[PDB]
>>> print(open('query_9.cif').read())   # mmCIF, C-alpha atoms
data_input
#
loop_
_atom_site.label_atom_id
_atom_site.label_comp_id
_atom_site.auth_asym_id
_atom_site.auth_seq_id
_atom_site.Cartn_x
_atom_site.Cartn_y
_atom_site.Cartn_z
CA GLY A 5 -53.93 -134.05 213.71
CA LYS A 6 -50.46 -132.85 214.71
CA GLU A 7 -50.99 -133.69 218.37
CA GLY A 8 -47.62 -135.01 219.52
CA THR A 9 -45.60 -133.49 216.69
CA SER A 10 -44.79 -130.24 218.52
CA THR A 11 -45.89 -130.44 222.16
CA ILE A 12 -45.93 -133.28 224.67
CA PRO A 13 -49.08 -135.32 223.91
CA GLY A 14 -51.80 -135.63 226.50
CA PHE A 15 -50.98 -138.53 228.80
CA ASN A 16 -54.57 -139.81 228.52
CA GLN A 17 -54.82 -139.41 224.74
CA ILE A 18 -54.36 -143.15 224.17
CA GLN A 19 -57.30 -143.81 226.48
CA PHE A 20 -59.12 -140.83 224.96
CA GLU A 21 -58.50 -141.73 221.31
CA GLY A 22 -59.36 -145.39 221.82
CA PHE A 23 -62.78 -144.72 223.32
CA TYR A 24 -63.74 -142.30 220.55
CA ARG A 25 -62.73 -144.92 217.99
CA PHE A 26 -64.90 -147.46 219.82
CA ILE A 27 -67.89 -145.11 219.82
CA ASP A 28 -67.33 -143.93 216.25
CA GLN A 29 -66.31 -147.24 214.67
CA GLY A 30 -66.37 -150.08 217.21
CA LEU A 31 -70.16 -150.04 217.60
CA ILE A 32 -71.48 -150.42 214.04
CA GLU A 33 -68.72 -152.94 213.33
CA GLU A 34 -70.03 -155.29 216.01
CA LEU A 35 -73.68 -154.43 215.33
CA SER A 36 -73.19 -155.27 211.65
CA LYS A 37 -72.05 -158.73 212.79
CA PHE A 38 -75.41 -159.36 214.48
CA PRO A 39 -77.27 -161.88 212.30
CA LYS A 40 -80.94 -162.43 211.48
CA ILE A 41 -83.25 -164.31 213.85
CA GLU A 42 -85.59 -167.08 212.65
CA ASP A 43 -86.05 -170.74 213.55
CA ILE A 44 -86.74 -172.25 210.13
CA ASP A 45 -89.63 -170.25 208.68
CA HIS A 46 -92.68 -169.13 210.66
CA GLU A 47 -94.62 -166.00 211.60
CA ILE A 48 -91.37 -164.62 213.04
CA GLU A 49 -88.38 -162.65 211.81
CA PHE A 50 -86.18 -160.47 214.02
CA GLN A 51 -83.35 -158.18 212.93
CA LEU A 52 -81.60 -154.99 214.00
CA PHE A 53 -81.29 -151.90 211.81
CA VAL A 54 -77.64 -151.10 212.48
CA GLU A 55 -77.77 -147.69 210.78
CA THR A 56 -80.40 -146.49 213.28
CA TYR A 57 -78.37 -147.10 216.45
CA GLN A 58 -78.37 -144.24 218.96
CA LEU A 59 -76.72 -143.47 222.29
CA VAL A 60 -78.35 -141.37 225.01
CA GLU A 61 -76.45 -139.28 227.53
CA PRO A 62 -76.64 -140.80 231.03
CA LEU A 63 -79.24 -139.31 233.34
CA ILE A 64 -76.90 -139.38 236.35
CA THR B 68 -23.29 -77.02 221.24
CA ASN B 69 -25.86 -77.14 218.43
CA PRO B 70 -26.69 -80.71 217.35
CA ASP B 71 -28.50 -79.46 214.23
CA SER B 72 -25.50 -77.42 213.03
CA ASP B 73 -23.15 -78.66 210.32
CA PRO B 74 -20.51 -81.01 211.79
CA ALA B 75 -17.74 -78.90 210.26
CA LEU B 76 -17.45 -75.91 212.63
CA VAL B 77 -16.49 -75.88 216.35
CA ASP B 78 -17.20 -79.20 218.06
CA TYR B 79 -19.38 -79.56 221.15
CA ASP B 80 -16.15 -79.56 223.22
CA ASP B 81 -17.29 -79.84 226.86
CA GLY B 82 -15.00 -80.98 229.66
CA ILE B 83 -13.83 -84.42 228.52
CA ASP B 84 -10.06 -84.54 229.03
CA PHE B 85 -9.40 -87.84 230.79
CA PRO B 86 -9.21 -90.95 228.59
CA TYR B 87 -12.43 -92.82 227.91
CA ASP B 88 -13.05 -96.03 229.83
CA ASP B 89 -12.41 -99.27 227.98
CA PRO B 90 -14.00 -101.01 226.16
CA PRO B 91 -14.79 -98.39 223.49
CA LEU B 92 -18.35 -97.11 223.53
CA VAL B 93 -20.81 -98.13 220.81
CA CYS B 94 -23.85 -96.10 219.77
CA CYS B 95 -26.97 -97.90 218.56
CA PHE B 96 -29.30 -95.49 216.79
CA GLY B 97 -32.95 -95.92 215.88
CA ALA B 98 -36.20 -97.07 217.40
CA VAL B 99 -36.41 -98.95 220.69
CA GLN B 100 -38.74 -101.94 220.82
CA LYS B 101 -38.99 -105.34 222.43
CA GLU B 102 -39.06 -108.25 219.95
CA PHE B 103 -40.54 -106.75 216.72
CA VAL B 104 -38.72 -108.64 213.98
CA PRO B 105 -38.61 -106.20 211.03
CA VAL B 106 -37.67 -108.61 208.23
CA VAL B 107 -41.04 -109.95 207.05
CA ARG B 108 -41.58 -111.89 203.83
CA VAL B 109 -44.21 -114.27 202.49
CA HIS B 110 -43.51 -117.87 203.52
CA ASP B 111 -45.08 -121.17 202.54
CA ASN B 112 -46.28 -124.12 204.68
CA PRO B 113 -47.97 -122.06 207.41
CA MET B 114 -48.88 -123.86 210.61
CA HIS B 115 -52.31 -123.84 212.22
CA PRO B 116 -53.80 -120.32 212.33
CA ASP B 117 -54.96 -120.63 215.95
CA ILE B 118 -52.87 -123.37 217.57
CA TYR B 119 -49.68 -121.47 218.36
CA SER B 120 -48.16 -124.55 220.03
CA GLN B 121 -47.42 -125.86 216.52
CA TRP B 122 -45.52 -122.70 215.60
CA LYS B 123 -42.35 -124.05 217.23
CA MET B 124 -42.09 -126.34 214.20
CA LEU B 125 -41.36 -123.22 212.14
CA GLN B 126 -38.65 -122.18 214.60
CA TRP B 127 -36.49 -125.24 213.96
CA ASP B 128 -37.54 -125.36 210.28
CA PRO B 129 -37.54 -121.62 209.69
CA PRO B 130 -38.00 -119.54 206.55
CA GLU B 131 -34.62 -118.95 204.99
CA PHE B 132 -34.91 -115.20 205.58
CA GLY B 133 -35.83 -115.78 209.23
CA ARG B 134 -32.95 -118.08 210.08
CA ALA B 135 -31.22 -115.37 212.17
CA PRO B 136 -33.71 -112.49 212.27
CA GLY B 137 -32.55 -109.05 213.31
CA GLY B 138 -34.40 -106.62 215.50
CA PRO B 139 -34.45 -103.02 216.68
CA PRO B 140 -31.10 -101.39 217.45
CA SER B 141 -31.91 -101.72 221.16
CA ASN B 142 -31.41 -105.48 220.90
CA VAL B 143 -27.96 -104.93 219.40
CA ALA B 144 -27.08 -102.53 222.22
CA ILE B 145 -28.40 -104.88 224.91
CA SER B 146 -26.64 -107.89 223.39
CA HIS B 147 -23.41 -105.92 223.02
CA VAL B 148 -23.28 -105.08 226.74
CA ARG B 149 -23.87 -108.69 227.77
CA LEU B 150 -20.88 -109.57 225.58
CA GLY B 151 -18.73 -107.27 227.74
CA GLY B 152 -18.81 -104.13 225.63
CA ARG B 153 -20.25 -100.73 226.47
CA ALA B 154 -23.21 -99.52 224.42
CA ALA B 155 -25.23 -96.31 224.43
CA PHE B 156 -28.66 -96.05 222.81
CA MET B 157 -29.85 -92.92 221.01
CA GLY B 158 -33.56 -92.52 220.36
CA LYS B 159 -36.80 -90.96 221.53
CA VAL B 160 -39.57 -92.51 223.62
CA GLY B 161 -42.89 -91.25 224.88
CA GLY B 162 -43.52 -90.07 228.40
CA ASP B 163 -46.02 -92.85 229.11
CA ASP B 164 -45.37 -96.00 231.14
CA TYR B 165 -44.04 -97.93 228.13
CA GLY B 166 -41.38 -95.30 227.47
CA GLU B 167 -40.32 -95.57 231.10
CA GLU B 168 -40.44 -99.36 230.83
CA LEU B 169 -38.34 -99.46 227.65
CA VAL B 170 -35.79 -97.09 229.18
CA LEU B 171 -35.89 -99.19 232.35
CA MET B 172 -35.33 -102.28 230.19
CA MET B 173 -32.13 -100.81 228.74
CA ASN B 174 -30.98 -99.34 232.06
CA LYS B 175 -31.09 -102.74 233.77
CA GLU B 176 -28.93 -104.05 230.92
CA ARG B 177 -26.20 -101.48 231.72
CA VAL B 178 -26.97 -99.66 228.46
CA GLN B 179 -26.22 -95.94 228.59
CA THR B 180 -29.60 -94.28 228.01
CA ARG B 181 -28.22 -90.74 228.33
CA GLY B 182 -28.92 -90.40 224.60
CA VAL B 183 -32.59 -91.31 225.01
CA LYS B 184 -34.99 -88.37 224.71
CA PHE B 185 -38.50 -88.25 226.16
CA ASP B 186 -41.46 -86.83 224.23
CA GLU B 187 -44.10 -86.04 226.85
CA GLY B 188 -46.85 -85.39 224.31
CA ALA B 189 -46.51 -88.78 222.62
CA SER B 190 -47.38 -92.43 223.18
CA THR B 191 -44.48 -94.87 222.90
CA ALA B 192 -44.59 -97.29 219.95
CA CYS B 193 -47.92 -95.74 218.90
CA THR B 194 -48.42 -94.58 215.31
CA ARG B 195 -51.65 -92.74 214.49
CA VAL B 196 -52.83 -93.58 210.97
CA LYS B 197 -55.82 -92.84 208.75
CA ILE B 198 -57.53 -95.67 206.89
CA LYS B 199 -58.41 -94.81 203.29
CA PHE B 200 -60.11 -97.01 200.70
CA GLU B 201 -58.13 -96.32 197.52
CA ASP B 202 -58.81 -98.22 194.28
CA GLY B 203 -61.01 -100.69 196.14
CA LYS B 204 -58.18 -101.73 198.48
CA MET B 205 -57.94 -100.57 202.09
CA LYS B 206 -54.75 -98.64 202.83
CA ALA B 207 -53.35 -96.48 205.63
CA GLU B 208 -51.30 -93.30 205.88
CA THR B 209 -49.10 -92.21 208.78
CA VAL B 210 -50.91 -89.21 210.25
CA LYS B 211 -48.42 -88.86 213.12
CA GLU B 212 -45.17 -90.75 213.51
CA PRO B 213 -44.41 -92.48 216.82
CA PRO B 214 -41.84 -90.95 219.18
CA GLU B 215 -39.37 -93.61 218.04
CA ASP B 216 -39.65 -92.19 214.51
CA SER B 217 -39.69 -88.59 215.78
CA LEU B 218 -36.14 -87.86 216.98
CA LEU B 219 -35.16 -84.39 215.80
CA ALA B 220 -31.60 -83.64 214.73
CA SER B 221 -31.37 -81.06 217.53
CA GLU B 222 -31.90 -83.77 220.17
CA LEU B 223 -28.74 -85.75 219.40
CA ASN B 224 -26.37 -86.35 222.31
CA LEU B 225 -23.01 -85.22 220.95
CA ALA B 226 -21.27 -86.63 224.02
CA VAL B 227 -22.38 -90.12 222.99
CA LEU B 228 -21.41 -89.54 219.36
CA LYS B 229 -17.91 -88.29 220.18
CA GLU B 230 -17.13 -91.26 222.44
#
>>> encode(input="query_9.cif", output="structure tokens")
Amino acid sequence: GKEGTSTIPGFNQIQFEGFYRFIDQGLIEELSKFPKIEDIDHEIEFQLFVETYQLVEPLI
Amino acid sequence: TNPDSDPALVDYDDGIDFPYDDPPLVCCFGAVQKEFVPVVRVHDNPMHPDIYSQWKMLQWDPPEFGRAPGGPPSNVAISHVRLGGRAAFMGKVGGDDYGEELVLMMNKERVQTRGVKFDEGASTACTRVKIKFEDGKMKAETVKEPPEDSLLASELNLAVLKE
């Protein structure tokens, strides 16, 4: 937590800290804003379970 | 000529007749170490146990006892010479590399190490202790003192002491 308090902070920390915030918090926040899908009422209802989102390490 | 004799009979004499060179000599007596702050007390607000980069914060906000910590008498002798004075160090070191290094450290600082004795059968700054579990708490006892703590009264350099 005391990153820049004593030593010179990492020059890329702002880029580093932002991306981790986006992965930790910026994903579910946008996913939670995804609404339900239905026309009026039919044999159709589509929705996303936000709590079950996962990210996979790139193959390459 | 006997360092262990009572300093009340005939002095060590020798052939010192010309006046001593100014500034007056200073003798620093005790162990020789590098760093090794002796004054240690319990302090609050410790920094991170592993991240030593944060420990500078306790240098500019120090414990009140560690505001101007002292050290071994060698530091006083070394600092005295850099201030223009002449200092001679009296003590005993082992015959190992560290004893040579510590004596070399003081020699490069123009500190008179003529009063430094060498104990060949000893390891410099090395105290052999025995660990004993007494009353449920681990303790230690000094089996053999280090050469710094092993300067006999017969090894004193009376030439240094007189000057």
>>> resolve_selection(input="query_9.cif", expression="the PyMOL selection byres ((chain B and resi 76-80) around 12)", output="list in words")
residues 68, 69, 70, 71, 72, 73, 74, 75, 81, 82, 83, 84, 223, 224, 225, 226, 227, 228, 229 and 230 of chain B
>>> write_last_selection(input="query_9.cif", atoms="C-alpha atoms", output="PDB file, in the frame of the given file")
ATOM      1  CA  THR B  68     -23.290 -77.020 221.240  1.00  0.00           C
ATOM      2  CA  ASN B  69     -25.860 -77.140 218.430  1.00  0.00           C
ATOM      3  CA  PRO B  70     -26.690 -80.710 217.350  1.00  0.00           C
ATOM      4  CA  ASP B  71     -28.500 -79.460 214.230  1.00  0.00           C
ATOM      5  CA  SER B  72     -25.500 -77.420 213.030  1.00  0.00           C
ATOM      6  CA  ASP B  73     -23.150 -78.660 210.320  1.00  0.00           C
ATOM      7  CA  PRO B  74     -20.510 -81.010 211.790  1.00  0.00           C
ATOM      8  CA  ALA B  75     -17.740 -78.900 210.260  1.00  0.00           C
ATOM      9  CA  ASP B  81     -17.290 -79.840 226.860  1.00  0.00           C
ATOM     10  CA  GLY B  82     -15.000 -80.980 229.660  1.00  0.00           C
ATOM     11  CA  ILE B  83     -13.830 -84.420 228.520  1.00  0.00           C
ATOM     12  CA  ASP B  84     -10.060 -84.540 229.030  1.00  0.00           C
ATOM     13  CA  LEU B 223     -28.740 -85.750 219.400  1.00  0.00           C
ATOM     14  CA  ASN B 224     -26.370 -86.350 222.310  1.00  0.00           C
ATOM     15  CA  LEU B 225     -23.010 -85.220 220.950  1.00  0.00           C
ATOM     16  CA  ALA B 226     -21.270 -86.630 224.020  1.00  0.00           C
ATOM     17  CA  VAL B 227     -22.380 -90.120 222.990  1.00  0.00           C
ATOM     18  CA  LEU B 228     -21.410 -89.540 219.360  1.00  0.00           C
ATOM     19  CA  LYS B 229     -17.910 -88.290 220.180  1.00  0.00           C
ATOM     20  CA  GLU B 230     -17.130 -91.260 222.440  1.00  0.00           C
TER      21      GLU B 230
END
>>> residues_around(input="query_9.cif", residues="stretch 11-28 of chain A", least_positions_apart="3", cutoff="10 Å", atoms="all atoms listed in the file", output="PyMOL selection string")
(chain A and resi 6-8+31-33+59) or (chain B and resi 120-121+123-124)
>>> resolve_selection(input="query_9.cif", expression="the PyMOL selection byres ((chain B and resi 146-160) around 8)", output="PyMOL selection string")
chain B and resi 90-99+140-145+161-162+166+176-186+189-192+214-218+223-224+227
>>> write_last_selection(input="query_9.cif", atoms="C-alpha atoms", output="PDB file, in the coordinates of the input")
ATOM      1  CA  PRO B  90     -14.000-101.010 226.160  1.00  0.00           C
ATOM      2  CA  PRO B  91     -14.790 -98.390 223.490  1.00  0.00           C
ATOM      3  CA  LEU B  92     -18.350 -97.110 223.530  1.00  0.00           C
ATOM      4  CA  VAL B  93     -20.810 -98.130 220.810  1.00  0.00           C
ATOM      5  CA  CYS B  94     -23.850 -96.100 219.770  1.00  0.00           C
ATOM      6  CA  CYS B  95     -26.970 -97.900 218.560  1.00  0.00           C
ATOM      7  CA  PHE B  96     -29.300 -95.490 216.790  1.00  0.00           C
ATOM      8  CA  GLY B  97     -32.950 -95.920 215.880  1.00  0.00           C
ATOM      9  CA  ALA B  98     -36.200 -97.070 217.400  1.00  0.00           C
ATOM     10  CA  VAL B  99     -36.410 -98.950 220.690  1.00  0.00           C
ATOM     11  CA  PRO B 140     -31.100-101.390 217.450  1.00  0.00           C
ATOM     12  CA  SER B 141     -31.910-101.720 221.160  1.00  0.00           C
ATOM     13  CA  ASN B 142     -31.410-105.480 220.900  1.00  0.00           C
ATOM     14  CA  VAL B 143     -27.960-104.930 219.400  1.00  0.00           C
ATOM     15  CA  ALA B 144     -27.080-102.530 222.220  1.00  0.00           C
ATOM     16  CA  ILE B 145     -28.400-104.880 224.910  1.00  0.00           C
ATOM     17  CA  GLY B 161     -42.890 -91.250 224.880  1.00  0.00           C
ATOM     18  CA  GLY B 162     -43.520 -90.070 228.400  1.00  0.00           C
ATOM     19  CA  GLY B 166     -41.380 -95.300 227.470  1.00  0.00           C
ATOM     20  CA  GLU B 176     -28.930-104.050 230.920  1.00  0.00           C
ATOM     21  CA  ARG B 177     -26.200-101.480 231.720  1.00  0.00           C
ATOM     22  CA  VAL B 178     -26.970 -99.660 228.460  1.00  0.00           C
ATOM     23  CA  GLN B 179     -26.220 -95.940 228.590  1.00  0.00           C
ATOM     24  CA  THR B 180     -29.600 -94.280 228.010  1.00  0.00           C
ATOM     25  CA  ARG B 181     -28.220 -90.740 228.330  1.00  0.00           C
ATOM     26  CA  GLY B 182     -28.920 -90.400 224.600  1.00  0.00           C
ATOM     27  CA  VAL B 183     -32.590 -91.310 225.010  1.00  0.00           C
ATOM     28  CA  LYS B 184     -34.990 -88.370 224.710  1.00  0.00           C
ATOM     29  CA  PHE B 185     -38.500 -88.250 226.160  1.00  0.00           C
ATOM     30  CA  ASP B 186     -41.460 -86.830 224.230  1.00  0.00           C
ATOM     31  CA  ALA B 189     -46.510 -88.780 222.620  1.00  0.00           C
ATOM     32  CA  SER B 190     -47.380 -92.430 223.180  1.00  0.00           C
ATOM     33  CA  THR B 191     -44.480 -94.870 222.900  1.00  0.00           C
ATOM     34  CA  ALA B 192     -44.590 -97.290 219.950  1.00  0.00           C
ATOM     35  CA  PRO B 214     -41.840 -90.950 219.180  1.00  0.00           C
ATOM     36  CA  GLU B 215     -39.370 -93.610 218.040  1.00  0.00           C
ATOM     37  CA  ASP B 216     -39.650 -92.190 214.510  1.00  0.00           C
ATOM     38  CA  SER B 217     -39.690 -88.590 215.780  1.00  0.00           C
ATOM     39  CA  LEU B 218     -36.140 -87.860 216.980  1.00  0.00           C
ATOM     40  CA  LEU B 223     -28.740 -85.750 219.400  1.00  0.00           C
ATOM     41  CA  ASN B 224     -26.370 -86.350 222.310  1.00  0.00           C
ATOM     42  CA  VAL B 227     -22.380 -90.120 222.990  1.00  0.00           C
TER      43      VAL B 227
END
>>> closest_residue(input="query_9.cif", among="B:118, B:85, B:102, B:111", to="chain A", atoms="all atoms listed in the file")
B:118
>>> residues_around(input="query_9.cif", residues="residue A:53", least_positions_apart="6", cutoff="12 Å", atoms="all atoms listed in the file", output="PyMOL selection string")
chain A and resi 32+35-40
>>> decode(input="query_9.cif", residues="chain A", atoms="C-alpha atoms", output="mmCIF file, in the first residue's frame")
data_model
loop_
_atom_site.group_PDB
_atom_site.id
_atom_site.type_symbol
_atom_site.label_atom_id
_atom_site.label_comp_id
_atom_site.auth_asym_id
_atom_site.auth_seq_id
_atom_site.Cartn_x
_atom_site.Cartn_y
_atom_site.Cartn_z
ATOM 1 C CA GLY A 5 0.000 0.000 0.000
ATOM 2 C CA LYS A 6 2.875 2.363 0.786
ATOM 3 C CA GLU A 7 4.168 2.320 -2.777
ATOM 4 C CA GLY A 8 5.323 5.881 -3.402
ATOM 5 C CA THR A 9 5.615 6.852 0.259
ATOM 6 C CA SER A 10 9.287 5.879 0.609
ATOM 7 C CA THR A 11 10.777 5.017 -2.792
ATOM 8 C CA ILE A 12 10.214 6.413 -6.260
ATOM 9 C CA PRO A 13 7.024 4.759 -7.566
ATOM 10 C CA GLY A 14 7.148 2.566 -10.628
ATOM 11 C CA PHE A 15 6.775 4.740 -13.713
ATOM 12 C CA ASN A 16 4.208 2.314 -15.163
ATOM 13 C CA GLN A 17 2.205 1.914 -11.942
ATOM 14 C CA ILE A 18 -0.546 4.223 -13.200
ATOM 15 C CA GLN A 19 -0.921 2.022 -16.270
ATOM 16 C CA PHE A 20 -0.473 -1.056 -14.073
ATOM 17 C CA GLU A 21 -2.939 -0.044 -11.357
ATOM 18 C CA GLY A 22 -5.573 1.088 -13.848
ATOM 19 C CA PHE A 23 -5.683 -2.202 -15.732
ATOM 20 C CA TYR A 24 -5.980 -4.251 -12.538
ATOM 21 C CA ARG A 25 -8.868 -2.028 -11.455
ATOM 22 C CA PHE A 26 -10.512 -2.605 -14.838
ATOM 23 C CA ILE A 27 -10.118 -6.377 -14.546
ATOM 24 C CA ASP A 28 -11.117 -6.475 -10.876
ATOM 25 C CA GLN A 29 -13.919 -3.897 -10.929
ATOM 26 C CA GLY A 30 -14.469 -2.516 -14.432
ATOM 27 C CA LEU A 31 -15.816 -5.789 -15.834
ATOM 28 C CA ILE A 32 -18.683 -6.710 -13.501
ATOM 29 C CA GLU A 33 -19.699 -3.046 -13.363
ATOM 30 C CA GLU A 34 -20.354 -2.984 -17.109
ATOM 31 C CA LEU A 35 -21.682 -6.554 -17.182
ATOM 32 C CA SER A 36 -24.178 -5.687 -14.442
ATOM 33 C CA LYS A 37 -25.470 -2.946 -16.762
ATOM 34 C CA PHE A 38 -26.346 -5.516 -19.437
ATOM 35 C CA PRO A 39 -30.159 -5.818 -19.446
ATOM 36 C CA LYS A 40 -32.563 -8.680 -20.110
ATOM 37 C CA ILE A 41 -33.491 -9.717 -23.652
ATOM 38 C CA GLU A 42 -37.107 -10.308 -24.731
ATOM 39 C CA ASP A 43 -39.346 -8.835 -27.415
ATOM 40 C CA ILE A 44 -42.665 -8.636 -25.570
ATOM 41 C CA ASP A 45 -43.310 -12.135 -24.228
ATOM 42 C CA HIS A 46 -42.671 -15.342 -26.177
ATOM 43 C CA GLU A 47 -40.761 -18.612 -25.951
ATOM 44 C CA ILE A 48 -37.593 -16.535 -25.506
ATOM 45 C CA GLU A 49 -35.657 -14.963 -22.645
ATOM 46 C CA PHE A 50 -31.931 -14.197 -22.734
ATOM 47 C CA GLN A 51 -29.763 -12.933 -19.889
ATOM 48 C CA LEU A 52 -26.172 -13.067 -18.672
ATOM 49 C CA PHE A 53 -25.140 -14.369 -15.249
ATOM 50 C CA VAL A 54 -22.649 -11.647 -14.343
ATOM 51 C CA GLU A 55 -21.291 -13.487 -11.301
ATOM 52 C CA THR A 56 -20.124 -16.379 -13.510
ATOM 53 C CA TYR A 57 -17.870 -14.346 -15.816
ATOM 54 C CA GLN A 58 -14.423 -15.819 -16.446
ATOM 55 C CA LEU A 59 -11.276 -14.814 -18.311
ATOM 56 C CA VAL A 60 -8.923 -17.300 -19.962
ATOM 57 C CA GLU A 61 -5.207 -16.761 -20.433
ATOM 58 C CA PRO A 62 -4.339 -16.160 -24.108
ATOM 59 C CA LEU A 63 -3.059 -19.173 -26.013
ATOM 60 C CA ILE A 64 -0.391 -17.150 -27.825
#
